[PDB]
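Peer 1: A single structure is presented below for examination.
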Amino acid sequence: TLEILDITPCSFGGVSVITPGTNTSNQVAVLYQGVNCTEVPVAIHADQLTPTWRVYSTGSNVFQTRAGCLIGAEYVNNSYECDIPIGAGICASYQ
Amino acid sequence: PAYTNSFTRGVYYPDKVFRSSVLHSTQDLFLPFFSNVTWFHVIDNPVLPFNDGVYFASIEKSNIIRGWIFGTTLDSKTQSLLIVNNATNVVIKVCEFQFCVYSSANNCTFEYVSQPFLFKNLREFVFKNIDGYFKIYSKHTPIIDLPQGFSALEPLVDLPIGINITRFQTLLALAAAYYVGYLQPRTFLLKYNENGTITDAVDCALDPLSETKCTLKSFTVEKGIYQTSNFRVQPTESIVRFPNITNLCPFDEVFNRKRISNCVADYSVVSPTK
Amino acid sequence: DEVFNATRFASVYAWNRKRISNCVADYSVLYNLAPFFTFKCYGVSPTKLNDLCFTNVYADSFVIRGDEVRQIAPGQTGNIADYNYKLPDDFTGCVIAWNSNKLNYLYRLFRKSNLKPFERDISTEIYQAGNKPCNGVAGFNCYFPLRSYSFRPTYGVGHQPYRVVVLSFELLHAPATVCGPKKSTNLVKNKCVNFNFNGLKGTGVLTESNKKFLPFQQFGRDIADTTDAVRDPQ
Amino acid sequence: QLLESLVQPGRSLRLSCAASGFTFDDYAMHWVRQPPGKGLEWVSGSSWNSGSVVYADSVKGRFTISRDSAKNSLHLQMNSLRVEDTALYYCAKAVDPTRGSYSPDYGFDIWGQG
Amino acid sequence: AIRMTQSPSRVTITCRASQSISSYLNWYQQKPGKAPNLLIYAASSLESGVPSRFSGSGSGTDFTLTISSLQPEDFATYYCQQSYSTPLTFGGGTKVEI
Amino acid sequence: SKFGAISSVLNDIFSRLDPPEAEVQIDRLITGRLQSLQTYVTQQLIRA
Amino acid sequence: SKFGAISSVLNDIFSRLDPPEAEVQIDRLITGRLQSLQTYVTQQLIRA
Ligand SMILES: *[C@@H]1O[C@H](CO)[C@@H](O[C@@H]2O[C@H](CO)[C@@H](O)[C@H](O)[C@H]2NC(C)=O)[C@H](O)[C@H]1NC(C)=O
Ligand SMILES: *[C@@H]1O[C@H](CO)[C@@H](O[C@@H]2O[C@H](CO)[C@@H](O)[C@H](O)[C@H]2NC(C)=O)[C@H](O)[C@H]1NC(C)=O
Ligand SMILES: *[C@@H]1O[C@H](CO)[C@@H](O)[C@H](O)[C@H]1NC(C)=O
Ligand SMILES: *[C@@H]1O[C@H](CO)[C@@H](O)[C@H](O)[C@H]1NC(C)=O
Ligand SMILES: *[C@@H]1O[C@H](CO)[C@@H](O)[C@H](O)[C@H]1NC(C)=O
Ligand SMILES: *[C@@H]1O[C@H](CO)[C@@H](O)[C@H](O)[C@H]1NC(C)=O
Ligand SMILES: *[C@@H]1O[C@H](CO)[C@@H](O)[C@H](O)[C@H]1NC(C)=O
């Protein structure tokens with residue numbers, strides 16, 4: 001049937017993970033490069049993903065950055081020295 | 001049906017190669033980490049689907065689980081697998097096995113007899129039917145819910161069974177709690193001990209932290225940021241769409257520069273196979 | 001001799017599988033010129049077959065029409081290939097087929113779908129071919145899925161009987177029980193000597209080890225994926 | 001070769017269709033009546049697999065069919081032939097059952113000769 | 001039972017059925033001096049030896065027999081018959097006119 | 001770049017060739033792409 | 001790694017495949033291992 005359909009890719013193989021060290025803690029924050037925070041579920045097809053991955057796919061701790069969308073970390077209005085570089089003047093740490 | 005969490009259970013030796021003090025990563029059918037298990041509690045014994053293998057465990061204090069039945073319809077029309085076992089020895093036979101154990105069975109194509117396989121007992125089992133090969137893994141460990149911890153499974157018996165196995169039924173000998181899990185294709189990074197035993201492993205598709213461990217090929221990750229190759233579960237759904245015309249093609253009248261178009265090339269009249 | 005001199009093979013739809021283990025399989029016996037017309041082996045050269053050890057040897061023999069021998073090869077599709085006997089693409093074995101025109105056979109021609117490789121579908125369930133879900137033994141749209149070949153002796157090659165024996169052997173990866181006839185010598189230790197351990201070849205200093213093995217294990221491997229520790233036969 | 005073989009209301013004429021070339025007892029030979037100036041109409045149906053037999057439901061009982069493997073025919077028996085029922089009858093062979101899927105036996109073929 | 005009446009009376013012939021036949025149709029061509037022959041099987045197929053000019057399309061309650069360019073010596077009648085359920089009933093019948 | 005392969009489209013090679021014949025072509029294409037990729041990395045290292 | 005060969009063990013190929021065709025699989029392994037050596041020395045030169 002003649003029908004034009006858009007094909008949005010659902011394969012994002014580039015994922016950056018911020019960890020404070022397995023020894024220090026298990027908590028981790030995920031960074032997606034150059035993606036909105038709304039296309040994250042579509043890009044990584046979180047519906048077909050494991051329930052543990054959906055926590056880092058869409059949550060309350062969402063803070064878009066020039067580098068991309070950041071999940072698992074809370075944006076603090078204060079400023080300190082850089083500990084784990086992220087990009088575009090953004091640094092993260094496990095307080 | 002009751003549900004219970006499986007804390008890193010079901011890891012079995014993928015191969016027969018001996019490795020000592022090494023981190024080996026393999027891709028096969030495993031029970032997903034922190035997956036969820038139908039906690040069937042004996043007062044019961046319903047027919048469950050055997051898809052992509054099934055992980056079986058029992059917390060029986062005494063001999064209660066006498067075996068299992070594997071097949072597609074569990075009737076006389078088709079053949080079924082029976083793995084019942086008494087105290088003396090194990091019985092494995094492949095027949096129709098018209099049940100009510102089995103009333104009658106005339107076709108006979110397989111029979112294997114070996115030592116017996118069977119709340120202080122964790123007799124785990126993993127059954128796989130790949131390319132017509134029934135593989136059974138097992139382990140025995142006193143317990144004194146699913147016991148958290150780690151314990152590998154060793155291969156026991158490999159049989160050339162060429163039957164449908166889509167539904168399996170647990171056998172009771174009526175005080176036990178048998179669990180049923182399901183295996184899916186996952187990538188596991190197994191750590192081998194100095195003595196050649198699997199002591200720890202991770203599920204690369206479980207959570208982002210495990211993805212980093214899988215990429216780094218280590219069980220310990222230091223501070224910083226790490227780029228991880230996608231180990232997430234891939235889609236397994238496919239759709240095929242082709243034109244619904246049935247005009248055949250004018251190839252027949254050909255049997256001189258003429259082209260053919262707007263027709264379905266039925267070549268039964270570049271790889272020739274495809 | 002029970003799989004080549006048997007004079008009575010199984011039907012294609014009911015290919016019997018026979019296990020051969022704990023013996024010496026000298027393939028030199030089955031090199032008669034008149035039979036064994038086709039010796040298409042996959043993964044192993046026919047010349048280099050005697051000097052190898054196998055751990056999972058299975059022999060399935062059946063009688064099919066000579067024109068259908070092509071379907072037995074991996075990847076081919078046909079009535080025999082899709083509804084009677086299927087072989088995996090990653091097949092490691094030799095398919096010997098010889099003509100037996102000079103020397104009842106049932107083949108399944110109706111099925112819901114093609115079967116997976118190495119499966120037996122021996123059942124007489126009536127295959128419906130119409131809107132009516134008839135459960136009767138026979139009917140207008142109800143047809144039995146099994147029929148006799150009824151080989152014609154007059155026919156030369158087409159529709160002729162053709163015995164087929166398949167030797168699906170798994171390559172040496174585990175404690176093996178079937179291997180070719182080769183003389184065994186006494187091992188020499190603490191010396192750089194060439195060796196041949198159950199088909200594995202190489203040179204090195206054979207020394208004892210304190211490593212502990214398991215009954216289902218026979219070879220040890222290192223970080224480079226090379227045979228490091230081997231338990232000798234005998 | 002499906003070679004085959006009146007005005008009064010009451011007749012007992014025997015209609016037989018000889019079979020040649022193709023092998024009997026493999027398909028479903030059927031009988032179809034075609035009145036002049038009109039289309040075809042299936043009236044009788046036999047079965048190779050079993051003795052089950054289905055006739056046209058326009059009128060029951062009157063239609064009767066049989067089988068005979070030695071002489072390869074049907075030998076249709078007609079009783080009390082209607083004046084308007086006079087037509088040129090056809091004996092047709094069913095398609096190969098090896099096709100499967102949709103009803104092979106109900107599908108007519110050949111339609112005899114003459 | 002099942003009744004049909006072909007709507008026609010690049011020639012396209014359509015026979016309509018009251019119930020959902022769902023691809024259980026055959027198209028029959030009957031020469032004036034010969035017995036009818038097979039053209040389309042399963043409502044979309046071609047029998048061995050049949051020229052490819054004939055074509056059968058449609059399923060359910062809509063079917064179409066399309067003969068392109070109106071090839072000559074094809075004046076014979078065309079019939080539509082179902083195999084869904086007994087009794088075996090033919091269509092109304094239609095022959096192409098020139 | 002074709003890299004001495006039937007088609008630059010990986011899917012094309014799979015559909016148009018047999019499994020034992022495809023493995024030759026993808027291996028030919030995989031080597032070509034890998035060789036080109038590592039060349040760019042070497043240039044970046046030198047320029048770094 | 002096998003680099004497209006049947007097995008990573010050199011002696012395995014000879015013991016299984018005939019000399020006329022075992023060479024083809026060997027060439028895949030020989031070329032694949034050669035590039036690893038060239039890559040390693042290149043990294044050393046840049047690091048030096
Ligand atoms: C457990 O079951 C096996 C299988 O039937 C029993 O073994 C049979 O023993 C009888 C007599 O001892 C023999 O006649 C049969 O031939 C044996 N079967 C097979 C397959 O060899 C065994 O005795 C049972 N053990 C019990 C009931 O304690
Ligand atoms: C094995 O069992 C499966 C069960 O799914 C069978 O799959 C059936 O396939 C038919 C068509 O081939 C479908 O109509 C059914 O819906 C499927 N499921 C069932 C439960 O019948 C399969 O045919 C069997 N045989 C093989 C070789 O796989
Ligand atoms: C079982 O656990 C999984 C956790 O991955 C969860 O997604 C699933 O909903 C659970 N099933 C239940 C609660 O029935
Ligand atoms: C037993 O084998 C015969 C052999 O053809 C078969 O007809 C019969 O159906 C089989 N009985 C079963 C499968 O119960
Ligand atoms: C390994 O085996 C030796 C000898 O049996 C034993 O002394 C040692 O404790 C074992 N180590 C482990 C980690 O099992
Ligand atoms: C293919 O399907 C479309 C969608 O219903 C339909 O309009 C069209 O007629 C179909 N084509 C044929 C040849 O039947
Ligand atoms: C029996 O089989 C062997 C092969 O194992 C063959 O050499 C021999 O000729 C056969 N017997 C006869 C009488 O042909």
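Just remember, in the structure tokens the first chain shown is A, the second B, etc., residues are 1-based per chain, and ligands are 1-based in the order shown.
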Quick one: which chain D residues come within 8 Å of chain E, and what is the nearest atom pair for each with the distance in Å to one decimal, counting only C-alpha atoms, rows ordered by chain and ascending number, as a tab-separated table?
Peer 2:
```
residue	atom	partner	partner_atom	distance
D:39	CA	E:93	CA	6.4
D:40	CA	E:90	CA	6.5
D:41	CA	E:90	CA	6.1
D:42	CA	E:88	CA	5.7
D:54	CA	E:86	CA	7.9
D:55	CA	E:87	CA	7.4
D:56	CA	E:87	CA	5.7
D:57	CA	E:87	CA	6.3
D:102	CA	E:24	CA	6.4
D:103	CA	E:83	CA	6.2
D:106	CA	E:83	CA	5.6
D:107	CA	E:83	CA	6.6
D:109	CA	E:38	CA	6.4
D:110	CA	E:37	CA	6.4
D:111	CA	E:35	CA	5.8
D:112	CA	E:35	CA	6.8
D:113	CA	E:35	CA	6.4
D:114	CA	E:34	CA	7.0
```
Peer 1: Any chance you could lay chain F over chain G, fitting all C-alpha atoms in order by least squares, and write the moved chain as a PDB file with N, CA and C atoms, in the first residue's frame?
Peer 2:
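Once everything was written out, this is selection_7.pdb:
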```
ATOM      1  N   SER F   1      42.436 -14.424  18.309  1.00  0.00           N
ATOM      2  CA  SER F   1      41.525 -13.953  17.282  1.00  0.00           C
ATOM      3  C   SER F   1      41.501 -14.908  16.101  1.00  0.00           C
ATOM      4  N   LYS F   2      40.306 -15.140  15.568  1.00  0.00           N
ATOM      5  CA  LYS F   2      40.146 -16.088  14.474  1.00  0.00           C
ATOM      6  C   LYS F   2      40.619 -15.541  13.139  1.00  0.00           C
ATOM      7  N   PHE F   3      40.441 -14.245  12.895  1.00  0.00           N
ATOM      8  CA  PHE F   3      40.848 -13.615  11.639  1.00  0.00           C
ATOM      9  C   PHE F   3      40.225 -14.339  10.456  1.00  0.00           C
ATOM     10  N   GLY F   4      38.935 -14.626  10.573  1.00  0.00           N
ATOM     11  CA  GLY F   4      38.212 -15.268   9.480  1.00  0.00           C
ATOM     12  C   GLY F   4      38.850 -16.547   8.993  1.00  0.00           C
ATOM     13  N   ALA F   5      39.298 -17.392   9.918  1.00  0.00           N
ATOM     14  CA  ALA F   5      39.904 -18.679   9.620  1.00  0.00           C
ATOM     15  C   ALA F   5      39.146 -19.786  10.338  1.00  0.00           C
ATOM     16  N   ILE F   6      39.349 -21.021   9.886  1.00  0.00           N
ATOM     17  CA  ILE F   6      38.625 -22.142  10.480  1.00  0.00           C
ATOM     18  C   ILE F   6      39.020 -22.321  11.942  1.00  0.00           C
ATOM     19  N   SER F   7      40.303 -22.148  12.261  1.00  0.00           N
ATOM     20  CA  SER F   7      40.786 -22.326  13.624  1.00  0.00           C
ATOM     21  C   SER F   7      42.060 -21.526  13.833  1.00  0.00           C
ATOM     22  N   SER F   8      42.239 -21.015  15.048  1.00  0.00           N
ATOM     23  CA  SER F   8      43.431 -20.236  15.348  1.00  0.00           C
ATOM     24  C   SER F   8      44.668 -21.116  15.433  1.00  0.00           C
ATOM     25  N   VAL F   9      44.485 -22.409  15.642  1.00  0.00           N
ATOM     26  CA  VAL F   9      45.571 -23.376  15.731  1.00  0.00           C
ATOM     27  C   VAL F   9      46.064 -23.687  14.326  1.00  0.00           C
ATOM     28  N   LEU F  10      47.322 -23.344  14.047  1.00  0.00           N
ATOM     29  CA  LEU F  10      47.895 -23.606  12.732  1.00  0.00           C
ATOM     30  C   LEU F  10      47.843 -25.094  12.433  1.00  0.00           C
ATOM     31  N   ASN F  11      48.233 -25.918  13.397  1.00  0.00           N
ATOM     32  CA  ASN F  11      48.247 -27.364  13.213  1.00  0.00           C
ATOM     33  C   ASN F  11      46.849 -27.860  12.860  1.00  0.00           C
ATOM     34  N   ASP F  12      45.834 -27.308  13.518  1.00  0.00           N
ATOM     35  CA  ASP F  12      44.457 -27.729  13.302  1.00  0.00           C
ATOM     36  C   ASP F  12      44.110 -27.563  11.828  1.00  0.00           C
ATOM     37  N   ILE F  13      44.431 -26.410  11.255  1.00  0.00           N
ATOM     38  CA  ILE F  13      44.090 -26.140   9.864  1.00  0.00           C
ATOM     39  C   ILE F  13      44.762 -27.172   8.970  1.00  0.00           C
ATOM     40  N   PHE F  14      46.014 -27.510   9.254  1.00  0.00           N
ATOM     41  CA  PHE F  14      46.758 -28.431   8.400  1.00  0.00           C
ATOM     42  C   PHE F  14      46.115 -29.811   8.407  1.00  0.00           C
ATOM     43  N   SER F  15      45.800 -30.332   9.584  1.00  0.00           N
ATOM     44  CA  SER F  15      45.278 -31.689   9.696  1.00  0.00           C
ATOM     45  C   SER F  15      43.846 -31.804   9.186  1.00  0.00           C
ATOM     46  N   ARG F  16      43.046 -30.763   9.310  1.00  0.00           N
ATOM     47  CA  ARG F  16      41.634 -30.824   8.972  1.00  0.00           C
ATOM     48  C   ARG F  16      41.332 -30.359   7.560  1.00  0.00           C
ATOM     49  N   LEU F  17      42.332 -29.977   6.777  1.00  0.00           N
ATOM     50  CA  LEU F  17      42.074 -29.425   5.458  1.00  0.00           C
ATOM     51  C   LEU F  17      43.060 -29.999   4.452  1.00  0.00           C
ATOM     52  N   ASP F  18      42.639 -30.016   3.188  1.00  0.00           N
ATOM     53  CA  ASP F  18      43.488 -30.492   2.112  1.00  0.00           C
ATOM     54  C   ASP F  18      44.611 -29.498   1.835  1.00  0.00           C
ATOM     55  N   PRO F  19      45.724 -29.965   1.286  1.00  0.00           N
ATOM     56  CA  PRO F  19      46.834 -29.071   0.961  1.00  0.00           C
ATOM     57  C   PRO F  19      46.430 -27.920   0.055  1.00  0.00           C
ATOM     58  N   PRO F  20      45.625 -28.132  -0.991  1.00  0.00           N
ATOM     59  CA  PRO F  20      45.237 -26.975  -1.809  1.00  0.00           C
ATOM     60  C   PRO F  20      44.182 -26.111  -1.154  1.00  0.00           C
ATOM     61  N   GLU F  21      43.476 -26.627  -0.158  1.00  0.00           N
ATOM     62  CA  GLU F  21      42.516 -25.824   0.582  1.00  0.00           C
ATOM     63  C   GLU F  21      43.128 -25.163   1.803  1.00  0.00           C
ATOM     64  N   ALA F  22      44.176 -25.754   2.373  1.00  0.00           N
ATOM     65  CA  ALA F  22      44.813 -25.159   3.541  1.00  0.00           C
ATOM     66  C   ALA F  22      45.498 -23.847   3.194  1.00  0.00           C
ATOM     67  N   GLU F  23      46.168 -23.794   2.045  1.00  0.00           N
ATOM     68  CA  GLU F  23      46.975 -22.631   1.698  1.00  0.00           C
ATOM     69  C   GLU F  23      46.156 -21.355   1.739  1.00  0.00           C
ATOM     70  N   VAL F  24      44.863 -21.443   1.449  1.00  0.00           N
ATOM     71  CA  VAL F  24      44.001 -20.277   1.566  1.00  0.00           C
ATOM     72  C   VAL F  24      43.875 -19.849   3.019  1.00  0.00           C
ATOM     73  N   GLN F  25      43.701 -20.807   3.921  1.00  0.00           N
ATOM     74  CA  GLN F  25      43.396 -20.479   5.306  1.00  0.00           C
ATOM     75  C   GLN F  25      44.617 -19.959   6.050  1.00  0.00           C
ATOM     76  N   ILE F  26      45.774 -20.589   5.873  1.00  0.00           N
ATOM     77  CA  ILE F  26      46.974 -20.096   6.544  1.00  0.00           C
ATOM     78  C   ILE F  26      47.340 -18.714   6.033  1.00  0.00           C
ATOM     79  N   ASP F  27      47.212 -18.497   4.731  1.00  0.00           N
ATOM     80  CA  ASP F  27      47.444 -17.169   4.186  1.00  0.00           C
ATOM     81  C   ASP F  27      46.497 -16.160   4.813  1.00  0.00           C
ATOM     82  N   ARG F  28      45.253 -16.553   5.034  1.00  0.00           N
ATOM     83  CA  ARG F  28      44.329 -15.683   5.743  1.00  0.00           C
ATOM     84  C   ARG F  28      44.788 -15.446   7.173  1.00  0.00           C
ATOM     85  N   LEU F  29      45.267 -16.484   7.842  1.00  0.00           N
ATOM     86  CA  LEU F  29      45.717 -16.339   9.222  1.00  0.00           C
ATOM     87  C   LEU F  29      47.058 -15.624   9.309  1.00  0.00           C
ATOM     88  N   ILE F  30      47.962 -15.896   8.378  1.00  0.00           N
ATOM     89  CA  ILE F  30      49.265 -15.244   8.401  1.00  0.00           C
ATOM     90  C   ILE F  30      49.109 -13.746   8.214  1.00  0.00           C
ATOM     91  N   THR F  31      48.251 -13.334   7.295  1.00  0.00           N
ATOM     92  CA  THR F  31      48.028 -11.910   7.078  1.00  0.00           C
ATOM     93  C   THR F  31      47.453 -11.251   8.317  1.00  0.00           C
ATOM     94  N   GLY F  32      46.527 -11.916   8.987  1.00  0.00           N
ATOM     95  CA  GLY F  32      45.944 -11.338  10.184  1.00  0.00           C
ATOM     96  C   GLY F  32      46.955 -11.138  11.298  1.00  0.00           C
ATOM     97  N   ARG F  33      47.775 -12.145  11.556  1.00  0.00           N
ATOM     98  CA  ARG F  33      48.787 -12.019  12.596  1.00  0.00           C
ATOM     99  C   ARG F  33      49.819 -10.954  12.241  1.00  0.00           C
ATOM    100  N   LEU F  34      50.243 -10.904  10.985  1.00  0.00           N
ATOM    101  CA  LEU F  34      51.216  -9.903  10.568  1.00  0.00           C
ATOM    102  C   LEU F  34      50.639  -8.503  10.679  1.00  0.00           C
ATOM    103  N   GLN F  35      49.377  -8.331  10.311  1.00  0.00           N
ATOM    104  CA  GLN F  35      48.752  -7.020  10.418  1.00  0.00           C
ATOM    105  C   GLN F  35      48.684  -6.569  11.865  1.00  0.00           C
ATOM    106  N   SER F  36      48.341  -7.469  12.771  1.00  0.00           N
ATOM    107  CA  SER F  36      48.284  -7.106  14.180  1.00  0.00           C
ATOM    108  C   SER F  36      49.667  -6.789  14.722  1.00  0.00           C
ATOM    109  N   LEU F  37      50.673  -7.535  14.307  1.00  0.00           N
ATOM    110  CA  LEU F  37      52.016  -7.315  14.823  1.00  0.00           C
ATOM    111  C   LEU F  37      52.558  -5.965  14.394  1.00  0.00           C
ATOM    112  N   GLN F  38      52.388  -5.600  13.134  1.00  0.00           N
ATOM    113  CA  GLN F  38      52.914  -4.330  12.663  1.00  0.00           C
ATOM    114  C   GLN F  38      52.170  -3.153  13.250  1.00  0.00           C
ATOM    115  N   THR F  39      50.933  -3.336  13.675  1.00  0.00           N
ATOM    116  CA  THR F  39      50.224  -2.258  14.344  1.00  0.00           C
ATOM    117  C   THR F  39      50.880  -1.914  15.668  1.00  0.00           C
ATOM    118  N   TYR F  40      51.298  -2.916  16.423  1.00  0.00           N
ATOM    119  CA  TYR F  40      51.955  -2.659  17.694  1.00  0.00           C
ATOM    120  C   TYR F  40      53.275  -1.944  17.493  1.00  0.00           C
ATOM    121  N   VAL F  41      54.017  -2.308  16.460  1.00  0.00           N
ATOM    122  CA  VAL F  41      55.287  -1.643  16.196  1.00  0.00           C
ATOM    123  C   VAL F  41      55.065  -0.177  15.878  1.00  0.00           C
ATOM    124  N   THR F  42      54.038   0.130  15.102  1.00  0.00           N
ATOM    125  CA  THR F  42      53.755   1.519  14.776  1.00  0.00           C
ATOM    126  C   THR F  42      53.422   2.326  16.018  1.00  0.00           C
ATOM    127  N   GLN F  43      52.655   1.757  16.935  1.00  0.00           N
ATOM    128  CA  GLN F  43      52.353   2.462  18.173  1.00  0.00           C
ATOM    129  C   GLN F  43      53.616   2.717  18.978  1.00  0.00           C
ATOM    130  N   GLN F  44      54.514   1.748  19.034  1.00  0.00           N
ATOM    131  CA  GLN F  44      55.761   1.940  19.759  1.00  0.00           C
ATOM    132  C   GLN F  44      56.596   3.043  19.133  1.00  0.00           C
ATOM    133  N   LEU F  45      56.650   3.097  17.812  1.00  0.00           N
ATOM    134  CA  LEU F  45      57.423   4.139  17.150  1.00  0.00           C
ATOM    135  C   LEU F  45      56.860   5.513  17.467  1.00  0.00           C
ATOM    136  N   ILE F  46      55.545   5.656  17.447  1.00  0.00           N
ATOM    137  CA  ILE F  46      54.934   6.938  17.771  1.00  0.00           C
ATOM    138  C   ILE F  46      55.194   7.302  19.223  1.00  0.00           C
ATOM    139  N   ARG F  47      55.032   6.351  20.130  1.00  0.00           N
ATOM    140  CA  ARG F  47      55.277   6.618  21.539  1.00  0.00           C
ATOM    141  C   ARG F  47      56.744   6.881  21.808  1.00  0.00           C
ATOM    142  N   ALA F  48      57.631   6.311  21.012  1.00  0.00           N
ATOM    143  CA  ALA F  48      59.054   6.567  21.187  1.00  0.00           C
ATOM    144  C   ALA F  48      59.383   8.030  20.945  1.00  0.00           C
TER     145      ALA F  48
END
```
Peer 1: Counting only C-alpha atoms and all ligand atoms, which protein, DNA or RNA residues come within 10 Å of ligand 2, given as a PDB file with C-alpha atoms, in the first residue's frame?
Peer 2:
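New file result-v2.pdb:
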```pdb
ATOM      1  CA  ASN B  51      11.296 -22.083  25.366  1.00  0.00           C
ATOM      2  CA  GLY B  71       7.444 -32.772  24.643  1.00  0.00           C
ATOM      3  CA  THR B  72       4.974 -30.702  22.656  1.00  0.00           C
ATOM      4  CA  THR B  73       1.549 -32.182  23.430  1.00  0.00           C
ATOM      5  CA  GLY B 162      15.414 -34.931  17.804  1.00  0.00           C
ATOM      6  CA  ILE B 163      11.915 -34.221  19.118  1.00  0.00           C
ATOM      7  CA  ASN B 164       9.917 -31.091  19.732  1.00  0.00           C
ATOM      8  CA  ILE B 165      10.298 -29.981  23.315  1.00  0.00           C
ATOM      9  CA  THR B 166       7.923 -27.040  23.792  1.00  0.00           C
ATOM     10  CA  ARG B 167       6.170 -27.813  27.092  1.00  0.00           C
TER      11      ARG B 167
ATOM     12  CA  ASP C  82      12.204 -29.901   4.311  1.00  0.00           C
ATOM     13  CA  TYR C  83       9.800 -32.620   5.450  1.00  0.00           C
ATOM     14  CA  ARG C 111       3.806 -31.183   6.929  1.00  0.00           C
ATOM     15  CA  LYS C 112       2.815 -27.901   8.518  1.00  0.00           C
ATOM     16  CA  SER C 113       6.359 -26.542   8.288  1.00  0.00           C
ATOM     17  CA  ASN C 114       9.929 -27.595   7.612  1.00  0.00           C
ATOM     18  CA  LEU C 115      11.642 -29.336  10.504  1.00  0.00           C
ATOM     19  CA  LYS C 116      14.764 -28.261  12.334  1.00  0.00           C
ATOM     20  CA  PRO C 117      17.983 -30.143  11.549  1.00  0.00           C
ATOM     21  CA  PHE C 118      18.460 -33.526  13.208  1.00  0.00           C
ATOM     22  CA  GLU C 119      14.824 -34.161  14.106  1.00  0.00           C
ATOM     23  CA  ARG C 120      12.506 -37.152  13.642  1.00  0.00           C
ATOM     24  CA  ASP C 121       8.838 -36.610  12.784  1.00  0.00           C
TER      25      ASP C 121
END
```
Peer 1: Give the residues of chain C that lie within 12 Å of chain F; count only C-alpha atoms, and format the answer as a PyMOL selection string.
Peer 2: chain C and resi 42-43+74-76+89-90
Peer 1: With C-alpha atoms kept, could you save the residues just selected as an mmCIF file, in the first residue's frame?
Peer 2:
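Output file result-v1.cif is given in full below:
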```cif
data_model
loop_
_atom_site.group_PDB
_atom_site.id
_atom_site.type_symbol
_atom_site.label_atom_id
_atom_site.label_comp_id
_atom_site.auth_asym_id
_atom_site.auth_seq_id
_atom_site.Cartn_x
_atom_site.Cartn_y
_atom_site.Cartn_z
ATOM 1 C CA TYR C 42 32.227 -30.949 4.933
ATOM 2 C CA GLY C 43 34.964 -29.517 7.129
ATOM 3 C CA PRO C 74 23.403 -28.592 3.722
ATOM 4 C CA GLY C 75 21.440 -25.581 2.557
ATOM 5 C CA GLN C 76 19.352 -27.427 -0.043
ATOM 6 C CA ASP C 89 24.675 -25.478 7.734
ATOM 7 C CA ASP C 90 27.544 -25.896 10.221
#
```
Peer 1: List all protein, DNA and RNA residues that have at least one atom no more than 8 Å from any atom of ligand 6, counting only C-alpha atoms and all ligand atoms, and write them as a CSV table (one decimal) with N, CA, C and O atoms, in the first residue's frame.
Peer 2:
```csv
chain,number,residue,atom,x,y,z
A,1,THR,N,0.8,-1.2,0.0
A,1,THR,CA,0.0,0.0,0.0
A,1,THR,C,0.9,1.2,0.0
A,1,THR,O,1.8,1.4,0.8
B,243,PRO,N,5.4,-6.7,-2.8
B,243,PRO,CA,4.1,-6.4,-3.6
B,243,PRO,C,3.3,-7.7,-3.6
B,243,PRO,O,3.7,-8.8,-3.7
B,244,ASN,N,1.9,-7.4,-3.6
B,244,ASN,CA,1.0,-8.5,-3.6
B,244,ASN,C,0.4,-8.8,-4.9
B,244,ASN,O,-0.7,-9.3,-5.1
B,245,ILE,N,1.2,-8.5,-6.0
B,245,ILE,CA,0.7,-8.8,-7.4
B,245,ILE,C,1.0,-10.2,-7.7
B,245,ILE,O,2.0,-10.8,-7.2
B,246,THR,N,0.3,-10.8,-8.6
B,246,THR,CA,0.4,-12.2,-9.0
B,246,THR,C,0.4,-12.3,-10.5
B,246,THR,O,-0.4,-13.1,-11.1
E,57,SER,N,-6.1,-12.2,-9.2
E,57,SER,CA,-5.8,-11.4,-8.1
E,57,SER,C,-7.1,-11.2,-7.2
E,57,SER,O,-8.2,-11.3,-7.7
E,58,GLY,N,-6.9,-10.9,-5.9
E,58,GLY,CA,-7.9,-10.7,-5.0
E,58,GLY,C,-8.1,-11.9,-4.0
E,58,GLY,O,-7.7,-13.0,-4.3
E,59,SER,N,-8.7,-11.5,-2.9
E,59,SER,CA,-9.0,-12.5,-1.9
E,59,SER,C,-10.2,-12.1,-1.0
E,59,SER,O,-10.5,-10.9,-1.0
```
Peer 1: Tell me, as a ChimeraX atom specification, which residues lie within 12 Å of residue 66 in chain A, counting only C-alpha atoms; anything in the same chain fewer than 5 positions away does not count.
Peer 2: /A:31-37,86-90
Peer 1: Within 8 Å of ligand 5, which residues show up when you count only C-alpha atoms and all ligand atoms? List them as a PyMOL selection string, please.
Peer 2: (chain B and resi 193-195+197) or (chain C and resi 212)
